[PDB]
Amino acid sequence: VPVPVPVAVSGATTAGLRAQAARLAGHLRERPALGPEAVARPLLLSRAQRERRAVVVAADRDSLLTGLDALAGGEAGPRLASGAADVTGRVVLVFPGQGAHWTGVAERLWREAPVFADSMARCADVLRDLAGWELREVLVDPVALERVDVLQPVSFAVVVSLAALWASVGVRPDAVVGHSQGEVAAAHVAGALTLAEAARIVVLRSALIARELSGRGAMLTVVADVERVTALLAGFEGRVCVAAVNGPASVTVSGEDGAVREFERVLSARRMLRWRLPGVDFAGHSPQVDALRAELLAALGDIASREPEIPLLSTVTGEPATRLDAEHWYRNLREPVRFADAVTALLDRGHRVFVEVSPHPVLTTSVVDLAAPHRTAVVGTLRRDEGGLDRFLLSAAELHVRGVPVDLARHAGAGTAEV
């Protein structure tokens, strides 16, 4: 099985970029034995990366030529990224909470990317010690993944390991933000928690949720702003509450299933878009969480933590995080998620590059909404049913084409074939 490489072309203008694509395709067609793995390294290391950039992520000739022909003709393609190389500013890794995971994600990438494989095995060790079960087995088990005590720790492992893979291609956060359980992954990646201690928090909290809350609630994201949602929650006081404010067109609510179904009728009649959060059978960030406080604080006890080596913008407060103690990790579950606030605080401090470290993008559209009118690059990592190194590289390419530093050459192979 051939391995995907990022094949980069650029020009000073979009027309020059398109002509360069045509030229390369022509050169490949004149040389039938020449593959993407022969040409990719010199196209990155021996050519100027100009103002208008593209990458085709391809493992073979035919797929490269398909990408290049699309690019030459000004069309989109599924493994073609292109852009203006005009983004500057600091880099944020965003860690999602619920609703991004898809069954079977991470297995293919474990096979394909040794850095990700390594991180996942390091996670597996810590989770074996804690939860008993074997991370790699559970990745492909749709029945186990509907259990909150399995899903949350698996989800944590996958996003931490994706962050390691980003780091291996030179994409390191200047700041991090984690939504809901993402905050624990963010804290670890920022150096405030060991892998072991972060894992312990996710494992103990998720198991408590599964014992006490699973089956008693639901969560719903709505395409609307918080003012609008709050107005529509008139008469739902103490039944359905605001659980997250993600942006101007994304607010999540929480409560008992029946009560949330009543609220969905309110939204439906009014032609508003909404969906249940996948993987979530509990009323997160609601008064239902009060009953869990005492057992959670006892289970967690004293948290071993240190000062984050880079800023961690909490979604508990919308501000740089203070003590990451047991009380903080309770509030991370009880209190509404201030995701919009956190992202806004980062935009106001010169952050312009946001990398959602997730199996499928769930918060990128909010980051894009919040970032306007600033010049920004916002990307995810994987997508539903696209869990290969090829998809990871396309996301890295999406940063490269906007002028963000990323070491695509790490995965470009050992080609010496020129022009």
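Numbers for residues come from their place in the sequence shown, where the first is 1.
- As listed in the deposited structure, the average C-alpha B-factor of 213-221 and of 305-313 is greater for 305-313.
- Two stretches are in play, 56-64 and 27-35, and the higher mean C-alpha B-factor belongs to 27-35.
- As recorded in the PDB entry, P248 shows the highest C-alpha B-factor of the residues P153, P96, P248, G83.
- Across the residues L347, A124, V226, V176, the deposited record lists the maximum Cα B factor for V226.
- For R205, the recorded CA B-factor ranks within the lowest third of the chain. Only modelled residues enter the ranking.
- Ranked by Cα temperature factor within the chain, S46 sits in the highest third according to the deposited record.
- For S268, the recorded CA temperature factor ranks within the highest third of the chain's modelled residues.
- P6 sits in the lowest third of its chain by CA B factor, as recorded in the PDB entry.
- Among the modelled residues of the chain, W275 sits in the middle third by CA temperature factor in this PDB entry.
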